[PDB]
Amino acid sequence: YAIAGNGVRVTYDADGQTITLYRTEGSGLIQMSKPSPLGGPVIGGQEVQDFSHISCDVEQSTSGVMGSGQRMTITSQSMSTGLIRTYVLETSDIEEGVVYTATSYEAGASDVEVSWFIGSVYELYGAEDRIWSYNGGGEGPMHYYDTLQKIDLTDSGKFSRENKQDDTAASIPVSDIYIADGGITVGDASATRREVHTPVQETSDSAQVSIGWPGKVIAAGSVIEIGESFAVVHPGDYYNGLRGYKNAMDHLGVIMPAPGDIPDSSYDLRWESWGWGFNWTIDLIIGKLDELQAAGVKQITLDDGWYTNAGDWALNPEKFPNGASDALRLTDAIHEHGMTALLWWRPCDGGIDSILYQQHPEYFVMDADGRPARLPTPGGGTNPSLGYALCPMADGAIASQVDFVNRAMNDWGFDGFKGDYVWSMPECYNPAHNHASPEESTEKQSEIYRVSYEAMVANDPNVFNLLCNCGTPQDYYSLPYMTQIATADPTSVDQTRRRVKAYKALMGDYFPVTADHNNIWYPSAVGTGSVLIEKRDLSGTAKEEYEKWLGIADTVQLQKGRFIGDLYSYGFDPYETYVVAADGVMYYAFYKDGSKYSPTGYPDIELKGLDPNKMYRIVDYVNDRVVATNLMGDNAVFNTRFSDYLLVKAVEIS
């Protein structure tokens, strides 16, 4: 029993009751998964093991979620539970590598209490010494836990992570595992946020990636759909899998902004007002504008500390003694220097001591004990800076966000927003809100992002919008409403660079991504094709360094180039490598300073994706030196010694 789509084959063995995934390679196939069991329900702490094969029906010409392709419907039965499982896999004639899966269960004569449903599981075939993984979970740890994780198969430990999305986790419902021959992505096939896990788990000699959803009581005689997923078989690294997921999710209407509609000002070099921490003043910021302008900065963020309280989002009198005219004199000065002005905020936060909470507690999320619910940190808990959550279904909550947007743009002259320092959305138990379920607040969190952005756009179609779910992968359902993504308080060059590739994969190769400014890593910012940003008040050689790198970034402008993620595989090619095509020229960036993946010694550099019949001069554009005089495209291999990074362009020679 088998179905095929573009670049994928799926086979079902009725005896073992297993699925095997293959991808196409040349005229053949590569097995990507070991024969893997169908996902089942968890009852009384145990996955049900007694399912038997009833039927597998293959339809060769059918139309599904992804349009025309194929379908395989597997029916299974459990005598102990009375459950009949219907497991549907669909492939697409067009969508490369993608398998859509949907599961329903029918109960027999009696109710079945399921704590959890495992949707699909795939154990990687052909692993050797390590597997690399993309982990989209929002459960934290914040900041210092890498999104990209190496699963070492030679050590003592056993990697295991749930990758949650729930009332304390709002990130990306996707996981990928890959080796040299490629990988398997699994992601939630839902147009809207829901509770889901995408676990990554080391096995005896490999790893498995899976997806699962919360259980429910299945009433006797009832049929219930329990969850739907996309899987992507792919060559190469997580970029290819995540790109497959992006392509799949288009069919559910989760469509990321098209390149042609992204504003010019969302590609601009930016400085953010953290030169003095919370002790910035309007005049300190204005005092920097001449030098920032001369060095090539085109955008300024007024960062945290400008407001009285979250929710209210009124000007702090200490920062704005003359009120709105002070905000205007700031944004006017920014505009006069040829720059756009951005404003910091924390969407979803209605404050604690805010007038908003005092006058309108009914706008807020209410916990099960009848108390106002704090916004959660990843994995649970809160933070002293985080106020009470606005309920995204409360009209007054939404209006407070819209009113803020309209004031900041139309009264204060801001051109966009830096949303920051917020994660998931607590469950709401306020009876007056009449929620379908307590999870509805969590599910509807992104309504805040959508409505806010729609208001922003109505004022200015070129408005800038960014949201930082700091130290975690960004809330996936926020992404359609953004004009730029930050890697989100990366704590290492490894984090910022690898996340640039992940965000490019999910958002599009021209989607603006910044490598952020938590640490100074200008080469990482330029070479990944990211927007170089900064926040410090620099002097002396550090100032010169910033000016140098602004000049490079402003010359090559790789932030506006086409990111190319499918030529090199992170953790398998000799160097951590990034590629951007800008104005017809291939730019490459090789790094050794990322401790998570760095070669022994000085491997040869191979430039891929050049024309085989052409000859190229390889130029280090940072240092303006020729590192290789003349390479043919089909053998573009050279050796150069560098300590941390090498940024080169391949210049065609005639």
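From 1 onward, residues are counted along the sequence shown.
Between 245 to 253 and 108 to 116, it is 108 to 116 that carries the larger average Cα temperature factor according to the deposited entry. Remark: stretch with higher mean C-alpha B factor among 354 to 362 and 525 to 533 is 354 to 362.
Which of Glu139, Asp369, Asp475, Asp420 has the largest Cα B-factor in the deposited entry comes down to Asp369. Annotation for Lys158: C-alpha temperature factor in the middle third relative to the rest of the modelled chain, per the entry. In the deposited entry, the Cα temperature factor of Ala589 sits in the bottom third of values across the chain's modelled residues. Among all modelled residues in this chain, the alpha-carbon of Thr185 has a temperature factor (C-alpha) in the lowest third. Per the PDB record, residue ranking by Cα B-factor puts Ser175 in the lowest third of the chain. Remark: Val99 belongs to the middle third of its chain, ranked by C-alpha B-factor as recorded.
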